[PDB]
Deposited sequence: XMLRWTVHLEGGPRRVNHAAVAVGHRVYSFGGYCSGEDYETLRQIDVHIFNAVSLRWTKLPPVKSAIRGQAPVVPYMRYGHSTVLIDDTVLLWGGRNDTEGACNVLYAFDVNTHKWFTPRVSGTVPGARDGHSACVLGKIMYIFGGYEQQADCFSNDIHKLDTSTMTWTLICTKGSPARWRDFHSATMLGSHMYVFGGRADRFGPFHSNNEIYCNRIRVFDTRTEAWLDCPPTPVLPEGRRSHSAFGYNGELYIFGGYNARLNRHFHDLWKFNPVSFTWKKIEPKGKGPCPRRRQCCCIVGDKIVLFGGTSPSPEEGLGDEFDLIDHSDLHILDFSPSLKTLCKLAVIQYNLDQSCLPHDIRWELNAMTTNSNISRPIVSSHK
């Protein structure tokens, strides 16, 4: 049973970034960090965490393809979304402080690392931050977020059909989920599960009536309808900037922040769509400290969790650490953890084991402590 097995430092110090897993490597894009520059013209960022060697690397700046043309790469931003379809990360949305939000679709090839901006057609969603993105087949689904031009929360679903690069504003049936940002949306089968996020209890505008959603909402992509679903007797506290992932057919949500309670979270909740029920999960080991707007990616039976913001022991810090939650720890993993914990001499061990012990106990050098 599931356990926090790795805690590593020296990664990118980022919150409000976006990341996808490609094989056993996690690609992290952009994000915010206090004290660093989010006004001037900077290229967006790509750091890669290797989940076998447990090393962070960073990709070098994008160069101009032809003299006189600018490099093709999104500007440094936060609150954007990234999804993976085949060999392509689709990056959309977000903002920086200067240029605000842009709604240009960006594509990133995970093998060649070239960026491009495929020509799209249809009703392009307005620029926004804090939306959710998820995919089913060749279709990307964008929901929610805070629209920069309309200046409002969104409860639209825009789908991008990457086969033709065509945006559709979906005319949904049923009661749409409440306008909101910094929610999550997770695909389980053909159904999109929307949880949490910041919202207004009366409408799509800020009005000093901010609320933290916890009535999960379900969107069927086959019939493009919001479903009416049974009550959940037990449910997690409302929150924003949690992480959501689907593993073995079930939804998991980690962490987040509730402003009404002024509380950061490091809990773990499982939702089973079939029983339609929630359950708080207690992993073994010391997890990450309560935090919000970290990123979570799935690598086999493990979740790579890294980044985010939390209060500083009003006085927030950004995280360069990284955690691994292992849903099914091998005996070898439990024994390395014991050898580390009891601080036993490792020089008897064969070099393959020692390489592993070293990997899980050595910081990367993207960042230094503040």
**Item:** Deposited-sequence ranges lacking C-alpha coordinates, in sequence order
**Value:** 1, 315 to 321, 379 to 383
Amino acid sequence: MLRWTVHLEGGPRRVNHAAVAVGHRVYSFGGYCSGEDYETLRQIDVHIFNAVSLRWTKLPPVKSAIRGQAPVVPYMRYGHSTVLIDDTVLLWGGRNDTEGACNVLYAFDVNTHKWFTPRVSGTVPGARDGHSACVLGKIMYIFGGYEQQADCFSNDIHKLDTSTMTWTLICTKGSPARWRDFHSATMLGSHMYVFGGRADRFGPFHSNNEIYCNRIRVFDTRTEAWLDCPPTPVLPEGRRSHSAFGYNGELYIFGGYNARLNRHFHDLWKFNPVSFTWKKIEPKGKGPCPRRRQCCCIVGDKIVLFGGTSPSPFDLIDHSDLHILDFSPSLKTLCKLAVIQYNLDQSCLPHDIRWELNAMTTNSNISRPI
From here on, numbers count along this sequence of modelled residues.
**Prompt:** Do the CA atoms of 191 to 199 or those of 144 to 152 have the higher mean B-factor in the entry?
**Reply:** 144 to 152
**Prompt:** Averaged over C-alpha atoms, is the B-factor higher for 36 to 44 or for 53 to 61 in this PDB entry?
**Reply:** 36 to 44
**Peak C-alpha temperature factor (PDB record), options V72, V110, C297, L84** = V72
**Top Cα B factor in the deposited entry, candidates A133, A225, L90, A244** = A225
**Request:** Going by the recorded CA B-factors, say which third of the chain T5 sits in, lowest, middle or highest.
**Result:** lowest
**Asked** Lowest, middle or highest third: where is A185 by C-alpha B factor in its chain?
**Response** lowest
**Among modelled residues of the same chain, the CA temperature factor third for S320** = middle
**Complete:** Tertile call for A338 (CA temperature factor, within chain, third-based) is the middle
**Message:** Lowest, middle or highest third: which one holds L251 when the chain's residues are ordered by CA B-factor from the entry?
**Reply:** lowest
